[PDB]
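Structure 1 and structure 2 below are two forms of the same protein chain, each written out on its own as structure tokens.
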Structure 1
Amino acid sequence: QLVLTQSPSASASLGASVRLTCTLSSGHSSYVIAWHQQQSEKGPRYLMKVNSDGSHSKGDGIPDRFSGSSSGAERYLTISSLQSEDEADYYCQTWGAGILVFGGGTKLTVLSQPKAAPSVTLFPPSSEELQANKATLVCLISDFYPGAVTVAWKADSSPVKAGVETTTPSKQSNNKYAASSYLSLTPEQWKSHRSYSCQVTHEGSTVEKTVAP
């Protein structure tokens, strides 16, 4: 059975080195593998091939800090001076007669990037949406690190749970996290309160923005 075995997750410090491991099943120790990188919500990028004698065959523009190596049934990818952009899922891949085989992928986390407080923008319902007899409050949260946040909505000063939908935080191209929270209201609930607030808590500190009818 041609199988590639990869650990699900790995982590290392910013600026340090990490080696990821791909294990070939017994009877396939001579096989060539390839490493592919997939950043979250992107398509894969080929890195290199690794056969028994080590070797490479690097894709275009792959930095020198990416290298590969081999020993027995195990195939390695080593990344030095880790950068935030190296956070991705790394898949080894191989082939046999008439089939391709993928490992399960190893998700690499690069720890201890700078902490950053969130920027918050709160939008009220547009007049167009209100004329469609609906109302949405839009709370946009970006530039924070780490990616754990808590969002709390207030109608005037009272907590509001009903009608709240929030995304899970996701790392954007500036390598900081973003999330959004939506509060759905009827137009009459919107007009019957003096204000609504989006309250964002991150690392014990709370940012609040307020809009009014």
Structure 2
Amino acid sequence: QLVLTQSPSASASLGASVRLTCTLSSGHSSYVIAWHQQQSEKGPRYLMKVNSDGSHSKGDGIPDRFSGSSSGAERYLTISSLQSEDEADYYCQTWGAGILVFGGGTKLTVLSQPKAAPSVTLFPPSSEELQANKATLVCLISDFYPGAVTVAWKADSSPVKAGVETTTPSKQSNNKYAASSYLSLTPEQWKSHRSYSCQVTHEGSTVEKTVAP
């Protein structure tokens, strides 16, 4: 029965155009396909419909730089004047005899944006947590682009591996990325070193914040 397939990733440059492809399996070459966008950490948003005709409608508030078309078993979404906001996932979708079908989604990267270095804020354990006989260091990392970082912790100058939990990067509403890292310690471990450090490596450069008991 009806299957929609999408390439897992696509890219194009800021201000340029990109075309995303959704391929219908054989046997349904006459079905309407809809495109839905999904930003990091948000629900999907409907963009537009495309019928096997090349015509298209559009959703509320969708800019004119989004359009759709078709050729054979392929259905297309074209985004012109690419912006940082367009870095997101794109799913195609259709309907056939009570059954709904989704493609696997295409992750679009918008190339040619400026590198943006992370802003790092590091908090020591609170007085309240220490009185509860626990200790958490909180390393908050924001506003970086592209969206990949590595986080390393130091106790004085030695690497720490135990007790580290770090999130995956997620896109902010300002189209830069955020991540966080937590180091769990006993109050004794915290008080027994001169300092602890959170080291964030982004695009070949490492920045550090340090706290001390």
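The term rigid core refers to the maximal set of C-alpha atoms that superpose within 1.5 Å between the two forms. Quick note, the numbers are simply positions in structure 1, starting from 1.
- Taking 2 Å as the criterion, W153 counts as shifted between the two structures: its C-alpha moves by at least this amount when the rigid core is aligned.
- After superposing the rigid core, the Cα of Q199 is displaced by 2 Å or more between the two structures.
- Superposed on the rigid core, the forms differ at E208: its CA is offset by 2.3 Å between the two structures.
- In the rigid-core superposition between the two structures, residue position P187 carries a C-alpha shift of 0.8 Å.
- Once the core is aligned between the two structures, the alpha carbon position of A117 differs by 1.8 Å; this is the C-alpha shift at that site.
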